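A.B. asks: Please find upload.cif (mmCIF, C-alpha atoms and all ligand atoms) on the next line:
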data_protein
loop_
_atom_site.label_atom_id
_atom_site.label_comp_id
_atom_site.auth_asym_id
_atom_site.auth_seq_id
_atom_site.Cartn_x
_atom_site.Cartn_y
_atom_site.Cartn_z
CA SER A 2 -10.24 -12.84 17.13
CA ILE A 3 -7.81 -9.88 16.87
CA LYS A 4 -4.37 -11.41 17.68
CA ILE A 5 -2.04 -9.85 20.30
CA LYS A 6 1.45 -10.85 19.21
CA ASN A 7 3.92 -12.11 21.85
CA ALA A 8 7.58 -10.92 22.02
CA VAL A 9 8.81 -13.76 19.74
CA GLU A 10 6.07 -13.04 17.14
CA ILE A 11 6.82 -9.25 17.33
CA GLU A 12 10.50 -10.00 16.51
CA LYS A 13 9.46 -12.32 13.57
CA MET A 14 7.16 -9.51 12.31
CA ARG A 15 9.96 -6.96 12.69
CA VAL A 16 12.22 -9.15 10.48
CA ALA A 17 9.48 -9.71 7.86
CA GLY A 18 8.64 -5.96 7.78
CA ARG A 19 12.27 -4.98 7.25
CA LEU A 20 12.62 -7.55 4.43
CA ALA A 21 9.48 -6.18 2.67
CA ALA A 22 10.90 -2.59 2.93
CA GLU A 23 14.27 -3.82 1.68
CA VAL A 24 12.64 -5.17 -1.54
CA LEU A 25 11.32 -1.69 -2.25
CA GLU A 26 14.73 -0.16 -1.51
CA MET A 27 16.47 -2.72 -3.76
CA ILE A 28 14.15 -2.29 -6.75
CA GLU A 29 14.28 1.56 -6.96
CA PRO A 30 17.25 1.90 -9.36
CA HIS A 31 15.52 -0.50 -11.80
CA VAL A 32 12.30 1.59 -11.89
CA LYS A 33 12.44 3.93 -14.93
CA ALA A 34 10.86 4.59 -18.32
CA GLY A 35 10.93 1.65 -20.75
CA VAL A 36 11.07 -1.07 -18.07
CA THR A 37 8.40 -3.78 -17.99
CA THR A 38 6.61 -4.66 -14.79
CA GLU A 39 7.50 -8.32 -15.63
CA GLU A 40 11.23 -7.40 -15.37
CA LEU A 41 10.59 -5.78 -11.95
CA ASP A 42 8.76 -8.99 -10.86
CA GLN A 43 11.70 -11.20 -11.95
CA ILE A 44 14.24 -9.02 -10.07
CA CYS A 45 12.11 -8.94 -6.87
CA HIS A 46 11.31 -12.70 -6.99
CA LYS A 47 15.04 -13.58 -7.27
CA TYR A 48 15.96 -11.15 -4.47
CA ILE A 49 13.20 -12.33 -2.08
CA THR A 50 13.95 -16.07 -2.61
CA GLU A 51 17.75 -16.21 -3.20
CA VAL A 52 19.04 -13.25 -1.11
CA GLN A 53 16.43 -12.84 1.68
CA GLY A 54 15.53 -16.53 1.99
CA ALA A 55 11.89 -15.44 2.15
CA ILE A 56 8.66 -16.25 0.20
CA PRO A 57 6.52 -13.94 -1.97
CA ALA A 58 3.06 -14.42 -0.44
CA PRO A 59 0.86 -13.48 -3.50
CA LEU A 60 2.34 -16.14 -5.79
CA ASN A 61 2.40 -19.01 -3.26
CA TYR A 62 -0.80 -18.54 -1.19
CA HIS A 63 -3.20 -15.97 -2.73
CA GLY A 64 -3.59 -17.30 -6.30
CA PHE A 65 -1.76 -14.31 -7.74
CA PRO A 66 0.16 -15.15 -10.94
CA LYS A 67 3.27 -13.07 -10.00
CA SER A 68 5.44 -12.23 -6.97
CA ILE A 69 4.66 -8.47 -6.67
CA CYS A 70 1.74 -6.19 -7.60
CA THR A 71 2.58 -3.34 -10.02
CA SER A 72 -0.22 -0.74 -10.32
CA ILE A 73 0.29 2.06 -12.91
CA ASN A 74 -1.73 5.36 -13.19
CA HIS A 75 -5.52 4.56 -13.27
CA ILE A 76 -4.84 1.07 -11.78
CA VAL A 77 -5.91 1.32 -8.11
CA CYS A 78 -4.38 -2.00 -6.92
CA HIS A 79 -3.49 -5.57 -7.85
CA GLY A 80 -1.86 -4.70 -11.19
CA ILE A 81 -0.24 -7.81 -12.66
CA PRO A 82 3.38 -7.71 -13.89
CA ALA A 83 3.53 -8.25 -17.68
CA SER A 84 5.75 -7.76 -20.74
CA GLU A 85 3.14 -6.19 -23.09
CA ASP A 86 0.48 -3.48 -22.74
CA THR A 87 -3.02 -4.95 -23.25
CA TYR A 88 -6.67 -3.80 -22.88
CA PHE A 89 -9.66 -4.72 -20.71
CA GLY A 90 -12.26 -3.66 -23.29
CA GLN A 91 -11.56 0.09 -23.85
CA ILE A 92 -9.46 0.32 -20.59
CA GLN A 93 -5.65 0.23 -20.87
CA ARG A 94 -3.91 -2.55 -18.90
CA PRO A 95 -0.35 -1.25 -18.91
CA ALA A 96 2.89 -3.17 -18.41
CA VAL A 97 5.63 -0.81 -19.74
CA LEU A 98 6.61 2.32 -17.81
CA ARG A 99 6.60 5.72 -19.54
CA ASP A 100 7.71 9.28 -18.62
CA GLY A 101 4.91 10.86 -16.55
CA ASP A 102 3.64 7.60 -15.04
CA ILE A 103 3.07 6.89 -11.38
CA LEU A 104 3.68 3.31 -10.17
CA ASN A 105 2.75 1.53 -6.97
CA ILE A 106 4.85 -1.56 -6.13
CA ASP A 107 3.16 -3.72 -3.43
CA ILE A 108 5.41 -6.26 -1.62
CA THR A 109 4.14 -9.05 0.66
CA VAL A 110 6.88 -11.35 2.03
CA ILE A 111 6.77 -14.25 4.49
CA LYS A 112 9.81 -15.05 6.62
CA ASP A 113 9.52 -17.97 9.13
CA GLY A 114 5.71 -17.93 8.92
CA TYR A 115 5.17 -14.19 9.49
CA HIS A 116 4.11 -11.54 6.92
CA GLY A 117 5.46 -8.10 6.02
CA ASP A 118 3.26 -6.02 3.68
CA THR A 119 4.06 -2.59 2.27
CA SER A 120 3.74 -0.50 -0.90
CA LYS A 121 4.96 2.85 -2.20
CA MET A 122 4.64 5.18 -5.18
CA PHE A 123 7.41 5.78 -7.73
CA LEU A 124 7.40 8.89 -10.00
CA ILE A 125 8.59 7.99 -13.53
CA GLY A 126 10.60 10.88 -15.03
CA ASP A 127 8.84 14.25 -15.30
CA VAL A 128 5.49 13.79 -13.57
CA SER A 129 2.73 16.47 -13.71
CA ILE A 130 1.99 18.74 -10.70
CA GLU A 131 -1.47 17.09 -10.41
CA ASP A 132 0.06 13.57 -10.23
CA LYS A 133 2.81 14.68 -7.76
CA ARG A 134 0.07 16.22 -5.55
CA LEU A 135 -1.96 12.97 -5.67
CA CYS A 136 1.05 10.91 -4.57
CA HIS A 137 2.08 13.40 -1.86
CA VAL A 138 -1.42 13.81 -0.32
CA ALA A 139 -1.88 10.00 -0.33
CA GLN A 140 1.35 9.67 1.72
CA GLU A 141 0.22 12.47 4.05
CA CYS A 142 -3.01 10.48 4.65
CA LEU A 143 -0.98 7.44 5.77
CA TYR A 144 1.40 9.50 7.94
CA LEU A 145 -1.45 11.42 9.66
CA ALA A 146 -3.32 8.17 10.33
CA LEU A 147 -0.10 6.74 12.00
CA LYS A 148 0.05 9.79 14.33
CA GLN A 149 -3.38 8.71 15.73
CA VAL A 150 -2.39 5.13 16.69
CA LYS A 151 -1.85 4.25 20.40
CA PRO A 152 -3.53 1.94 22.92
CA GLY A 153 -7.11 2.96 23.71
CA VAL A 154 -7.87 4.74 20.41
CA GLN A 155 -10.93 3.50 18.49
CA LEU A 156 -10.23 2.10 15.04
CA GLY A 157 -12.68 4.54 13.35
CA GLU A 158 -10.26 7.40 14.18
CA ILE A 159 -7.96 6.12 11.38
CA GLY A 160 -10.48 6.56 8.53
CA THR A 161 -11.95 9.65 10.21
CA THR A 162 -8.44 11.24 10.26
CA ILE A 163 -7.81 10.31 6.59
CA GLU A 164 -11.20 11.70 5.51
CA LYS A 165 -10.57 14.94 7.55
CA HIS A 166 -7.29 15.40 5.63
CA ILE A 167 -8.92 14.83 2.21
CA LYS A 168 -11.87 17.21 3.05
CA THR A 169 -9.30 19.88 4.13
CA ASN A 170 -7.30 19.28 0.96
CA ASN A 171 -10.48 19.61 -1.19
CA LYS A 172 -11.58 22.86 0.56
CA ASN A 173 -8.06 24.45 0.17
CA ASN A 174 -7.13 23.12 -3.32
CA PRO A 175 -10.17 23.15 -5.66
CA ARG A 176 -7.78 22.42 -8.64
CA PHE A 177 -6.56 19.15 -6.96
CA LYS A 178 -9.52 17.45 -5.24
CA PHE A 179 -9.38 13.77 -4.28
CA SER A 180 -11.62 10.92 -3.18
CA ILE A 181 -11.07 7.90 -0.91
CA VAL A 182 -11.50 4.36 -2.26
CA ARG A 183 -14.07 2.47 -0.18
CA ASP A 184 -13.86 -1.08 -1.62
CA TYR A 185 -10.45 -2.01 -0.13
CA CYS A 186 -9.24 -1.79 3.45
CA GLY A 187 -6.29 -2.35 5.68
CA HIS A 188 -6.29 -5.39 7.95
CA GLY A 189 -4.71 -7.23 10.84
CA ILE A 190 -1.62 -9.18 9.65
CA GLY A 191 0.66 -11.76 11.26
CA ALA A 192 0.95 -15.50 10.86
CA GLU A 193 -1.98 -15.09 8.42
CA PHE A 194 -2.17 -12.38 5.74
CA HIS A 195 -5.81 -11.42 6.51
CA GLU A 196 -6.53 -11.10 10.27
CA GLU A 197 -9.05 -8.94 12.15
CA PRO A 198 -9.66 -6.06 12.27
CA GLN A 199 -10.70 -4.47 8.93
CA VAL A 200 -9.28 -0.89 8.77
CA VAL A 201 -11.36 1.34 6.49
CA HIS A 202 -9.83 4.59 5.22
CA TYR A 203 -12.95 6.82 5.10
CA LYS A 204 -14.93 8.39 8.01
CA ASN A 205 -16.50 5.67 10.22
CA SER A 206 -17.48 5.04 13.83
CA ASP A 207 -15.83 1.55 14.36
CA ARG A 208 -15.49 1.31 18.22
CA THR A 209 -12.82 -1.47 18.20
CA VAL A 210 -10.10 -0.38 20.70
CA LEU A 211 -6.44 -0.57 19.66
CA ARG A 212 -4.20 -2.54 22.07
CA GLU A 213 -0.43 -2.90 22.47
CA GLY A 214 0.76 -5.94 20.45
CA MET A 215 -1.84 -5.58 17.64
CA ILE A 216 -0.27 -5.58 14.16
CA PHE A 217 -2.24 -4.27 11.18
CA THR A 218 -1.86 -2.41 7.88
CA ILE A 219 -2.91 1.12 6.91
CA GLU A 220 -3.05 1.51 3.11
CA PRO A 221 -5.27 4.35 1.88
CA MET A 222 -6.04 4.48 -1.86
CA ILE A 223 -6.71 8.06 -3.07
CA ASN A 224 -8.29 8.80 -6.47
CA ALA A 225 -7.84 11.97 -8.55
CA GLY A 226 -11.48 11.59 -9.68
CA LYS A 227 -14.39 9.82 -8.09
CA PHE A 228 -14.13 6.99 -5.53
CA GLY A 229 -15.55 4.11 -7.57
CA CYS A 230 -13.51 1.20 -8.94
CA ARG A 231 -13.95 -1.57 -11.60
CA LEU A 232 -12.55 -5.11 -11.32
CA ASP A 233 -10.93 -6.76 -14.36
CA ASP A 234 -13.08 -9.87 -14.94
CA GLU A 235 -10.67 -11.11 -17.68
CA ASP A 236 -7.50 -11.33 -15.52
CA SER A 237 -9.50 -11.63 -12.23
CA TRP A 238 -7.26 -9.13 -10.36
CA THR A 239 -6.56 -5.67 -11.87
CA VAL A 240 -8.63 -2.91 -10.23
CA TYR A 241 -9.18 0.31 -12.22
CA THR A 242 -10.69 3.66 -11.34
CA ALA A 243 -14.21 3.63 -12.83
CA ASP A 244 -13.68 7.15 -14.30
CA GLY A 245 -10.12 6.47 -15.66
CA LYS A 246 -8.37 9.11 -13.52
CA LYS A 247 -5.20 8.20 -11.60
CA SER A 248 -5.02 6.59 -8.15
CA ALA A 249 -2.17 6.43 -5.57
CA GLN A 250 -1.56 4.30 -2.50
CA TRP A 251 1.06 3.87 0.25
CA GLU A 252 1.04 1.10 2.84
CA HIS A 253 2.82 0.29 6.10
CA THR A 254 2.56 -2.65 8.50
CA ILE A 255 2.44 -1.27 12.03
CA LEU A 256 2.77 -2.55 15.59
CA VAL A 257 0.82 -0.87 18.42
CA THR A 258 3.33 0.00 21.17
CA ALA A 259 2.69 1.20 24.72
CA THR A 260 2.72 4.89 23.64
CA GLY A 261 2.22 4.85 19.90
CA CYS A 262 3.23 2.59 17.05
CA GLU A 263 6.27 1.11 15.34
CA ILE A 264 6.46 1.21 11.54
CA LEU A 265 7.71 -2.32 10.76
CA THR A 266 8.02 -1.53 7.03
CA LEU A 267 9.78 1.88 7.39
CA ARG A 268 12.24 2.60 4.53
CA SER A 269 15.58 4.37 4.86
CA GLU A 270 14.31 7.22 2.64
CA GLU A 271 11.36 8.18 4.88
CA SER A 272 11.54 11.18 7.32
CA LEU A 273 9.02 9.42 9.56
CA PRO A 274 10.27 7.91 12.84
CA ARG A 275 10.33 4.13 13.12
CA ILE A 276 8.69 4.52 16.59
CA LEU A 277 6.05 7.22 17.13
CA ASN A 278 5.11 8.39 20.63
CA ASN A 279 1.51 9.61 20.13
CA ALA A 280 0.73 9.87 23.90
NA NA B 301 -2.56 3.95 -9.64
NI NI B 302 0.11 -4.84 0.29
NI NI B 303 -2.05 -4.93 2.70
#
Give the structure from the file, written as structure tokens.
C.D. replies:
Amino acid sequence: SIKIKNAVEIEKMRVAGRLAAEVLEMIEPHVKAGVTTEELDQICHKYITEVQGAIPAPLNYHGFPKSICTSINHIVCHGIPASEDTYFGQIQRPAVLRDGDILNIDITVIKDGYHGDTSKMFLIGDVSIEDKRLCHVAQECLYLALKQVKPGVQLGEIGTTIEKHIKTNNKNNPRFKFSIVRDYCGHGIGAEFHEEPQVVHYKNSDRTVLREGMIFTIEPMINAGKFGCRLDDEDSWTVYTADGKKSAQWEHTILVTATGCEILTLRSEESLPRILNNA
């Protein structure tokens, strides 16, 4: 049940991936201290629907109350845009950006029935060395995983490569040790948001062989403390680190090519090739 996309579906996925990247490029000048995540949601929703002629997937199909996910600091994923800071018991549920914050914006767009999914970290004003390291190492995990993708590679090499990087980081940088979130994984993506296979980001022995024409996400979540997470049972969605330390994530949607992969959600800012030859 893993789908191999045909040429027409690959072109529809290329368009949807570029649109998802373009939302992130568009929103960047609006991301700064004193801005609400609700404001960012309004700007993205209007851009996606009126300029791109596309659909925000979370709002329309997944039961999410907003168009984008905005995850600040100790929020791991699925942060909900809002206008006011609130609390889940003793845990902060932030909505307004401050100097020193880190923010993940997660974009999922549909254009002519095909999905593009991507996310990136934004550094708000003067961020600490520990928080910059977290963001940077999380991106390195994604980039090193991409360098492993080509036909014939077993899926477990992705999480094994990510975990190798984090173990090396931890050995070499005892001041800045990280853990890998286990509860959330990457996934096949195409005409449906959730397709096979499941792509875990820690060390594993999944024997599923990558094939040209497969499209899936890689989206490692790295914690500054321990790996565990807590789900917000009041809003149903927000995921927090269980220990309250920060968490960072980057995501791309990628196509397996004959010799490597194509990064459908590549941004103009990234020094990563759109097409990797990993052969
Ligand atoms: Na976070
Ligand atoms: Ni996403
Ligand atoms: Ni995803």
A.B. asks: Return as number ranges by chain the residues of protein, DNA or RNA that approach ligand NA 301 (chain B) to within 12 Å, with all atoms listed in the file taken into account.
C.D. replies: A: 70-80, 94-95, 102-107, 120-124, 132, 135-136, 139, 182, 221-226, 230, 239-242, 245-251
A.B. asks: Set up a box along x, y and z of the file covering all listed atoms of region 127-139 of chain A, add 5 Å on every one of the six sides, and write the centre and edge lengths in Å to one decimal, as AutoDock Vina command-line options.
C.D. replies:
--center_x 3.4 --center_y 14.4 --center_z -7.8 --size_x 20.8 --size_y 18.7 --size_z 25.0
A.B. asks: For region 208-214 of chain A, find every residue with an atom within 6 Å (counting all atoms listed in the file), except residues of its own chain fewer than 5 positions away, and show them as a ChimeraX atom specification.
C.D. replies: /A:5-6,152-156,257-259
A.B. asks: Considering all atoms listed in the file, can you say which of A:140, A:68, A:129, A:7 comes closest to residue 43 (chain A)?
C.D. replies: A:68
A.B. asks: Taking only residues of chain A that have an atom at most 7 Å from an atom of ligand NI 302 (chain B), what is each one's shortest atom pair and its distance in Å to one decimal, using all atoms listed in the file, in chain and number order, as a tab-separated table?
C.D. replies:
residue	atom	partner	partner_atom	distance
A:107	CA	B:NI302	NI	4.9
A:108	CA	B:NI302	NI	5.8
A:109	CA	B:NI302	NI	5.8
A:118	CA	B:NI302	NI	4.8
A:119	CA	B:NI302	NI	5.0
A:120	CA	B:NI302	NI	5.8
A:252	CA	B:NI302	NI	6.5
A.B. asks: Smallest atom-to-atom distance to ligand NI 303 (chain B): which of A:253, A:166, A:204, A:231, using all atoms listed in the file?
C.D. replies: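 That would be A:253, the residue with the smallest distance to ligand NI 303 (chain B).
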A.B. asks: Anything within 9 Å of (2.0, 6.7, 24.7): list those residues as an MDAnalysis selection string, counting all atoms listed in the file and sticking to the file's coordinates.
C.D. replies: chainID A and resid 151:152 258:262 277:280
A.B. asks: Could you jot down the CA of residue 56 (chain A) to CA of residue 13 (chain A) separation for me, Å, one decimal place?
C.D. replies: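 Taking CA of residue 56 (chain A) as the start and CA of residue 13 (chain A) as the end point, the length is 14.0 Å.
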A.B. asks: Can you work out which one of A:41, A:186, A:264, A:215 has the shortest atom-to-atom distance to ligand NI 303 (chain B), counting only C-alpha atoms and all ligand atoms?
C.D. replies: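 Smallest separation from ligand NI 303 (chain B) among the options: A:186.
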A.B. asks: Env of residue 40 (chain A): 12 Å cut, atoms = all atoms listed in the file, seq-sep filter 3 positions within chain, self excluded. Answer as a ChimeraX atom specification.
C.D. replies: /A:28,31-33,35-37,43-47,67-69,71,81-85,96-98
A.B. asks: Which one is closest to residue 16 (chain A): A:30, A:114, A:57, A:101? Count all atoms listed in the file.
C.D. replies: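 So, comparing all the options, the nearest one is A:114.
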A.B. asks: Provide the CA of residue 191 (chain A) to CA of residue 12 (chain A) distance in Å, to one decimal place.
C.D. replies: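 We find that CA of residue 191 (chain A) and CA of residue 12 (chain A) lie 11.3 Å from each other.
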A.B. asks: Which distance in Å separates CA of residue 194 (chain A) and CA of residue 266 (chain A), to one decimal?
C.D. replies: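 Atom-to-atom, CA of residue 194 (chain A) and CA of residue 266 (chain A) are spaced 14.9 Å apart.
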A.B. asks: With distances taken over only C-alpha atoms and all ligand atoms, which residue among A:176, A:195, A:168, A:15 lies nearest ligand NI 303 (chain B)?
C.D. replies: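 Of all the options, A:195 lies closest to ligand NI 303 (chain B).
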A.B. asks: If we count all atoms listed in the file and set the cut-off at 9 Å, which residues sit around residue 55 (chain A), ignoring sequence neighbours fewer than 3 positions away in its own chain? Please answer as number ranges by chain.
C.D. replies: A: 17, 20, 48-52, 110-113
A.B. asks: Filtering to C-alpha atoms, could you give me those residues as an mmCIF file, keeping the file's coordinate frame?
C.D. replies:
data_model
loop_
_atom_site.group_PDB
_atom_site.id
_atom_site.type_symbol
_atom_site.label_atom_id
_atom_site.label_comp_id
_atom_site.auth_asym_id
_atom_site.auth_seq_id
_atom_site.Cartn_x
_atom_site.Cartn_y
_atom_site.Cartn_z
ATOM 1 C CA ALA A 17 9.480 -9.710 7.860
ATOM 2 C CA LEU A 20 12.620 -7.550 4.430
ATOM 3 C CA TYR A 48 15.960 -11.150 -4.470
ATOM 4 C CA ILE A 49 13.200 -12.330 -2.080
ATOM 5 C CA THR A 50 13.950 -16.070 -2.610
ATOM 6 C CA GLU A 51 17.750 -16.210 -3.200
ATOM 7 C CA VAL A 52 19.040 -13.250 -1.110
ATOM 8 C CA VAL A 110 6.880 -11.350 2.030
ATOM 9 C CA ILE A 111 6.770 -14.250 4.490
ATOM 10 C CA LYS A 112 9.810 -15.050 6.620
ATOM 11 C CA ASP A 113 9.520 -17.970 9.130
#
A.B. asks: For residue 165 (chain A), which residue among A:10, A:236, A:86, A:141 is the nearest when counting all atoms listed in the file?
C.D. replies: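 The shortest atom-to-atom distance to residue 165 (chain A) comes from A:141.
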A.B. asks: If you count all atoms listed in the file, which residues fall within 9 Å of residue 263 (chain A), apart from same-chain ones fewer than 6 positions away, as an mmCIF file with C-alpha atoms, in the coordinates of the input?
C.D. replies:
data_model
loop_
_atom_site.group_PDB
_atom_site.id
_atom_site.type_symbol
_atom_site.label_atom_id
_atom_site.label_comp_id
_atom_site.auth_asym_id
_atom_site.auth_seq_id
_atom_site.Cartn_x
_atom_site.Cartn_y
_atom_site.Cartn_z
ATOM 1 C CA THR A 254 2.560 -2.650 8.500
ATOM 2 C CA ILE A 255 2.440 -1.270 12.030
ATOM 3 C CA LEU A 256 2.770 -2.550 15.590
ATOM 4 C CA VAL A 257 0.820 -0.870 18.420
ATOM 5 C CA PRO A 274 10.270 7.910 12.840
ATOM 6 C CA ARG A 275 10.330 4.130 13.120
ATOM 7 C CA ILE A 276 8.690 4.520 16.590
ATOM 8 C CA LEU A 277 6.050 7.220 17.130
#
A.B. asks: Do you know which residues are at most 9 Å from residue 19 (chain A) counting only C-alpha atoms, after dropping those on the same chain fewer than 4 positions away, and could you put them as a ChimeraX atom specification?
C.D. replies: /A:14-15,23-24,117,265-268
